[PDB]
Amino acid sequence: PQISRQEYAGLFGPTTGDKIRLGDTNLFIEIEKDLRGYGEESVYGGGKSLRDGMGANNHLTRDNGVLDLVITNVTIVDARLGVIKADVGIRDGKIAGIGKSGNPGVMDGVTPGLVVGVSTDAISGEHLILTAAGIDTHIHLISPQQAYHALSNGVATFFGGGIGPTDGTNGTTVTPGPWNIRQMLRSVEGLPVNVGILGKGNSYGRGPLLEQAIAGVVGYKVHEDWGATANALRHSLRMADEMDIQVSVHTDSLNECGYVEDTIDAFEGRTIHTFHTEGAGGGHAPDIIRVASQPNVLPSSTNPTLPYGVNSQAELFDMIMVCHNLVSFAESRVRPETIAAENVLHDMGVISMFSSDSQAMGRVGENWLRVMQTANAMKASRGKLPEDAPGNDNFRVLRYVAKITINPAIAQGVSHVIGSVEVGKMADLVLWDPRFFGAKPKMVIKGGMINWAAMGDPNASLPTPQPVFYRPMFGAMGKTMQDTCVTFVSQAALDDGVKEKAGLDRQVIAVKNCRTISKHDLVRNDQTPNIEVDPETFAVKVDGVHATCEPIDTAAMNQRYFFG
Amino acid sequence: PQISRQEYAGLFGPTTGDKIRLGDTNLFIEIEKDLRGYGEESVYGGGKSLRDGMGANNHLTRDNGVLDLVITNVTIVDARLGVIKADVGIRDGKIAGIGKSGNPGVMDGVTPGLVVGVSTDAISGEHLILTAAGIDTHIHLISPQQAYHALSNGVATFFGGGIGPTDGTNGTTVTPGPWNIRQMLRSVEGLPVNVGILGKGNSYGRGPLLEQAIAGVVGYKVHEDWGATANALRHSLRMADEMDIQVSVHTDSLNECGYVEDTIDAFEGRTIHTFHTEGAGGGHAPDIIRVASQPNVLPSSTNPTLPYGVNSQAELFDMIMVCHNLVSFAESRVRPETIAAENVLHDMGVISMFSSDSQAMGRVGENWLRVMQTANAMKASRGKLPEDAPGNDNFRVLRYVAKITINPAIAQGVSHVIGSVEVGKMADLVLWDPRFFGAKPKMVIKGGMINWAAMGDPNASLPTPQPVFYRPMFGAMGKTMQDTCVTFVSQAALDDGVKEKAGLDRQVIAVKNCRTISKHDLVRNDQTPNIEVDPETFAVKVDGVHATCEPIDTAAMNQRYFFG
Amino acid sequence: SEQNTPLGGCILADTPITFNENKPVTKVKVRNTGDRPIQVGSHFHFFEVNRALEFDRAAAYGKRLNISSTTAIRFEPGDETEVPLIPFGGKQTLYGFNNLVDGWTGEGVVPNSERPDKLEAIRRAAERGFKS
Amino acid sequence: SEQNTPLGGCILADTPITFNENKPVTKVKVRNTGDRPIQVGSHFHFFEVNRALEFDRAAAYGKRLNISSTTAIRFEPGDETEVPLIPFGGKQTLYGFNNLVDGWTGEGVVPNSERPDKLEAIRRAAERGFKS
Amino acid sequence: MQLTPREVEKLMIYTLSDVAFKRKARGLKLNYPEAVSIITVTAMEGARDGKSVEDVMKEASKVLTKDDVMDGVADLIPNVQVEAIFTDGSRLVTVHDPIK
Amino acid sequence: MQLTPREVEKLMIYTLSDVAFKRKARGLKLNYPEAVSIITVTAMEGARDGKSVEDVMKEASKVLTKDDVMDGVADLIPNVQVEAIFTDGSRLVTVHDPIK
Ligand code: NI
Ligand code: NI
Ligand code: NI
Ligand code: NI
């Protein structure tokens, strides 16, 4: 038979050629591909297709590869797969398939591995967007409660450091030394997010670095506050290459031991992650932004400058002046010209990642929000990216998504296990209502279980009655919370028995592929142009073109959606 | 700079748009894609690019993901990847990557995972074709020496049965009972091919089937010789579905308990592998070929009828009359009309696999030879397949390749580990000279080591001096031969500790995904047309069209190449 | 357009969706002979529907309703409706429902005869009380 | 054509191959001042070639010969040849050879100055005996 | 007072609606949370006042207009549901398309 | 309403400031918590009202005097900080020496 699109959509959601508005933004995504045929559509319910002997197989044991979970008729927004409509399948807390789910007994075209059976539960994705969960590379471990704010914006992995609210943690992403590391590994067992910890890089010999490596860190953080010296850099990077771990940097803002060019030379063409690349959050003043030209630099921005708004200068000024309990350090630190420039460079694919800088100038619960907010402000000011397709904003959206998903993963050497909706990966997933995209998710799926969700009255006759607020779920409960969460570590540590030694019940996974990567390995954000900054007026030129845009008055996904 | 194609080719072999003649055939393959850029071409030698600190990395330890082996500048002919030019990389006896190999320090565009280093050895693929190793699903375990004949035509996996030259083995692919199975598992430890063993299916209750399942079989073989009854079928298939193992069949030639239609009904829409689907090798006379219409049937032909030649009728006649120590059984068994039909159906994608029937009417060392011989006879008679591209024979070639590679694997539930040149798979690979394609390989790579090769005088000053003949290599030696070879088993067996119990040093891998598959899951050979056979004249109609072709006088890759 | 779409809204293309196009269609006449409403879904094995439904049961062997996945047809007491039927796909292996088949429902290979397991099924329906 | 190709032969297209197109080219003049032949390959760090070769060594810093991968240039005794030079790609990290650099050979970020590690390298060449 | 989890949870509603009612009275156009609050409490208070489910439903579907909300909020609130304590017990109230 | 941890937390502020504003209107001199509440909500409400960070800052630095607080409270409140949701997003507001 023949059915109208409108009727089809109502049953099954949007198909190839259909367009979806991402909130109250002016971004419109379009479905590129529909992997789940027509006429044999898998839906859970009374009188529906995923019933016994019909869409569901009723004779196969689980060891035949029957699924543990299926997400049906869902729109996948992923930086590597693009914008597709598919069934998604989970087995052993891993993504087994993307395609057409059902029962091959009674159905043509069931994707191998997507057999629904006796073992299978179901999620109805018809009117939903599925993303990879975000990854926040710049976490200060000041407060355990950050995790909750994060899960509530669709972030489920933390990279950083600290030891609670010490003055060192308030300023840097460091967990210093083997005692403190051990302690912190043990603590995070109580958190419903994945974690990897960073160590203190400012050391003269190998000894003090190696120490922390074996103790379990995934990285070394080089910070001004503890000394952002050439020495620090050099030894940190040399060790890193030895240990297959990452190095992150917060450069010398004062220009004490050098200018940016000297820092660059301290990198010695070695892979490095550069936090708040613009400089409002720290770095060689006015011109740390020039590191975004280099192939060995994996650049990030912290989220308080994105998007650039009318209140942005006022805020930042006042913030530093309290951050550093303080004026010529101030107005040199806080530069309208470079902030605008950061925005543009993002849109170009020259700054490759978003981050929070949690409770050290940024907002742990706003990375997915701000990303979307930025994409939309930038469409307005610049129009369509050249690579956009005329009818849709896919190219753009997808650039931005890479920023909080696959790119962070790649940077910290965990793209083998997390960061994209792809076969063989850990199911660290987020479900969104389009109406709420970026802002307010439906749920978080954390190791194949729902860990976090928007839930109303537990006494009510439905799950939807008011008050609806974010709450832990069963994956967040008991021994499952550890079972479903990863503690990232060094291979050195893994090999030394960190899991036993530290007594960790978390999944313990070795970071890998941190040192052979470059800017060009980054997804949709692989551009290395010439960047020039004017030491007087702080004006930024990118391949000779002035890089600016005007501040926004009104943000999307903002006062409409939030009481906060 | 600018270089001529001809000069380029001489250095690096063929690139995108270049065409290669497969032997003395009229088949021409064309390179679809070139994955390994231009100007940074990785080659082993004195004064070349894969030297220390240049194309090769000299500072990374192996745990950074440096390769164990690299095959450079090679033309990949694979049923899932197609016809591409790439670097191929091996790590931990597995395919880590297909792309551009080198040193990211000094080179742009190195595929992740394809870092060449201190750990890396090299193979020069410039003037070579790389295939997946073939898989022979119909092996009679009559003679251990078959393995050598197989390796020498590019086959490295055996599925079948037997117990040496017993009358039961001479006729069927059965290893009957738990004692015999154990024995045979233990024996094959001495063979340089992968193996999975088949059991005897002709049983009334579950007991006798389950027995063999736990003992380690991957399948049950239902044969006339031991009874090809409805009972047999039914119980075999029911068990199979329980055990996630396969069932293969050799049907009742005499029509004793039934006609083909009754056999079909005994299958009870359950997945099944049908040997010698044409019938010259056994089966319901004249019309077993009609099983190739059914979605649950995974059809195979044995190799003595392919290609159809002028001596084919004479041979086969006389063969049965000795096979069965014997005339109205004979001329009903041996039908020119259905033999021609088999040839056509192959070319259509209706018969999905080639097989040998080793020393029980077919030729263990001729599967790759005959496949190519068939493709070429068929091009001649039929012309271009409709889906062929005008300038090339890729569509065709690739259909045929699927027949000895990925399709067998899928049928026996081992496509997860073997059968295609794809990332994450066991490196079970064959290297060929185009000049010799299908006939005479260069080498076999068996679990990441070279196990078998064409080697001349071991006393000589080179490897090439005469006499050149096939010889075992180091992968075929010592404890490595077991380390690099797989013994396929049932999950039941695996779970019961077959490896310990039987004392096997081989890799022991559980078969999986045998029962949810259908004809449509097969690669390039997924067609289910209407097939009709005339009970008088044995004429075959396929969707109403007479299915015939004329016999060949002269085979390609034949008397030019072989003394045999 | 884009200027008019609500928050999270969809802009749908025009082209209708065509489903089940290849599949051969059998029309059967269905009367509900019970006192209570009967409703049947898209993927149910029509052959095995509520005993109280009276239709040509033989014709529904291996069949489902040729309607949209997930939807249903309602048969109110004492009413007659014509319904389109189509065969199941895949392997045509039907386990469970009312335990009438618990197997293969395909045609097999012989045009202008019935498979005996079909005739068995049909006989068994009759004496389990499934109205034809 | 196809009718004319030998067994295993190739039918090559016409279009020439273009390599290293983006990369900036430095021409240097090279004299072999030794008594023995010197031959240098495509991926060798030209800066670090045989002491007996006399050329503008500073100009070869971070450079390779702009020739076909795997090929080489032969410098016979007492002969002079001009050679095209191009920078290395990737990370521009050069370890080993004659232990002149054992690092980063990039330009860095300041147009119309030299990085000091480059000047170090160049000085070190001079007093290890590498002729300029 | 022996407050149960259900009782305590309902304090959130009361607090957000008080803020919301103050804002609406300043002429502010309401957002999503705020609007949902006002509809929810209207129902709840009706229940307490002794009305029927039917009657409260009407009442709550009429408290807010398109004008009173920020553009688009309607699209965000297709229905509101709350359990309230009626004379005959706890009952679910669905309020259909409350922003007309 | 899909309340996030940040949203829920802010209800505490609203509840304490309502109490605080009632007390100030009785002529009670405010304590530390109470005073911090009133300054905080003033900012927050400004944000919502559509003002600039600059403008709310002024407003909040002027709501309470020395007279309105208990002796010494000033010494306890050198600055107040809150994140509010401005038209352009969430922003930090520092209010310098609010009790003058
Ligand atoms: Ni920082
Ligand atoms: Ni920080
Ligand atoms: Ni046979
Ligand atoms: Ni046989």
# chains A, B, ... in the order shown; residues from 1 in each chain; ligands from 1

call {"tool": "interface_residues", "arguments": {"of": "chain A", "to": "chain D", "cutoff": "12 Å", "atoms": "only C-alpha atoms", "output": "PyMOL selection string"}}
result
chain A and resi 234+238+259-272+287-297+515-521+529-533

call {"tool": "residues_around", "arguments": {"residues": "residue 328 in chain B", "least_positions_apart": "5", "cutoff": "12 Å", "atoms": "only C-alpha atoms", "output": "ChimeraX atom specification"}}
result
/B:254,285-286,317,320-321,333-335

call {"tool": "write_last_selection", "arguments": {"atoms": "N, CA and C atoms", "output": "CSV table (one decimal), in the first residue's frame"}}
result
chain,number,residue,atom,x,y,z
B,254,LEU,N,18.0,-41.6,-4.8
B,254,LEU,CA,17.1,-42.6,-5.2
B,254,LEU,C,15.5,-42.4,-5.1
B,285,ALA,N,17.2,-36.8,-7.7
B,285,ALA,CA,17.4,-36.8,-9.1
B,285,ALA,C,16.0,-36.5,-9.9
B,286,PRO,N,16.0,-35.7,-10.9
B,286,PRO,CA,17.0,-34.9,-11.6
B,286,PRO,C,17.1,-33.5,-11.0
B,317,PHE,N,30.3,-39.8,-15.8
B,317,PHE,CA,29.7,-41.1,-16.0
B,317,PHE,C,30.6,-42.1,-15.5
B,320,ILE,N,31.1,-42.2,-11.5
B,320,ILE,CA,30.1,-42.7,-10.6
B,320,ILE,C,30.1,-44.2,-10.7
B,321,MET,N,30.2,-44.7,-11.9
B,321,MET,CA,30.2,-46.1,-12.2
B,321,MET,C,31.4,-46.8,-11.5
B,333,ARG,N,21.8,-39.5,-13.0
B,333,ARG,CA,22.7,-38.9,-12.1
B,333,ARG,C,23.5,-37.8,-12.8
B,334,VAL,N,23.8,-38.0,-14.1
B,334,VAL,CA,24.8,-37.3,-14.8
B,334,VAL,C,24.0,-36.8,-16.0
B,335,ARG,N,23.7,-35.5,-15.9
B,335,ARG,CA,22.8,-34.7,-16.7
B,335,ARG,C,23.4,-33.5,-17.3

call {"tool": "atom_distance", "arguments": {"atom1": "CA of residue 66 in chain D", "atom2": "CA of residue 109 in chain B"}}
result
17.8 Å

call {"tool": "residues_around", "arguments": {"residues": "residue 80 in chain F", "least_positions_apart": "4", "cutoff": "9 Å", "atoms": "only C-alpha atoms", "output": "count of residues only"}}
result
9

call {"tool": "select_by_dssp", "arguments": {"residues": "chain C", "states": "strand (DSSP E or B)", "output": "NGL selection string"}}
result
:C and (10-11 or 17-18 or 26-32 or 38-41 or 53-54 or 63-65 or 72-75 or 80-87 or 93-94 or 103-104)

call {"tool": "write_last_selection", "arguments": {"atoms": "C-alpha atoms", "output": "PDB file, in the first residue's frame"}}
result
ATOM      1  CA  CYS C  10       9.756  18.614  11.401  1.00  0.00           C
ATOM      2  CA  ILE C  11       9.663  19.784   7.803  1.00  0.00           C
ATOM      3  CA  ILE C  17       5.806   6.209   1.290  1.00  0.00           C
ATOM      4  CA  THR C  18       5.229   2.941  -0.466  1.00  0.00           C
ATOM      5  CA  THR C  26      -5.125 -12.162  -0.793  1.00  0.00           C
ATOM      6  CA  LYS C  27      -8.449 -10.646   0.115  1.00  0.00           C
ATOM      7  CA  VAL C  28     -10.525 -12.503   2.678  1.00  0.00           C
ATOM      8  CA  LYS C  29     -13.962 -11.839   4.167  1.00  0.00           C
ATOM      9  CA  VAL C  30     -14.136 -11.782   7.939  1.00  0.00           C
ATOM     10  CA  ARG C  31     -17.179 -12.058  10.160  1.00  0.00           C
ATOM     11  CA  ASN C  32     -17.089 -11.760  13.953  1.00  0.00           C
ATOM     12  CA  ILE C  38     -11.795  -8.571  18.328  1.00  0.00           C
ATOM     13  CA  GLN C  39      -8.775  -6.520  17.206  1.00  0.00           C
ATOM     14  CA  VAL C  40      -5.856  -7.882  15.269  1.00  0.00           C
ATOM     15  CA  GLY C  41      -2.526  -6.346  14.475  1.00  0.00           C
ATOM     16  CA  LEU C  53     -13.680 -15.015  13.579  1.00  0.00           C
ATOM     17  CA  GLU C  54     -15.107 -16.823  10.582  1.00  0.00           C
ATOM     18  CA  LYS C  63      -0.437 -14.587   6.221  1.00  0.00           C
ATOM     19  CA  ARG C  64      -0.635 -11.235   7.852  1.00  0.00           C
ATOM     20  CA  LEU C  65      -2.581  -8.145   7.320  1.00  0.00           C
ATOM     21  CA  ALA C  72      -4.521  -2.942  13.711  1.00  0.00           C
ATOM     22  CA  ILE C  73      -7.987  -3.795  12.367  1.00  0.00           C
ATOM     23  CA  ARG C  74     -11.053  -3.916  14.650  1.00  0.00           C
ATOM     24  CA  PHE C  75     -13.773  -6.473  14.097  1.00  0.00           C
ATOM     25  CA  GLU C  80     -18.281  -8.135   8.075  1.00  0.00           C
ATOM     26  CA  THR C  81     -15.106  -6.691   6.639  1.00  0.00           C
ATOM     27  CA  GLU C  82     -12.855  -7.539   3.819  1.00  0.00           C
ATOM     28  CA  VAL C  83      -9.211  -7.595   4.615  1.00  0.00           C
ATOM     29  CA  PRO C  84      -6.027  -7.618   2.588  1.00  0.00           C
ATOM     30  CA  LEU C  85      -3.567 -10.345   3.365  1.00  0.00           C
ATOM     31  CA  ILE C  86       0.089 -10.757   2.465  1.00  0.00           C
ATOM     32  CA  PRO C  87       2.753 -13.325   3.307  1.00  0.00           C
ATOM     33  CA  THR C  93       8.866 -19.701  10.204  1.00  0.00           C
ATOM     34  CA  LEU C  94       6.061 -19.100  12.609  1.00  0.00           C
ATOM     35  CA  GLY C 103       6.827 -24.124  11.696  1.00  0.00           C
ATOM     36  CA  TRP C 104       7.365 -23.333   8.101  1.00  0.00           C
TER      37      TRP C 104
END
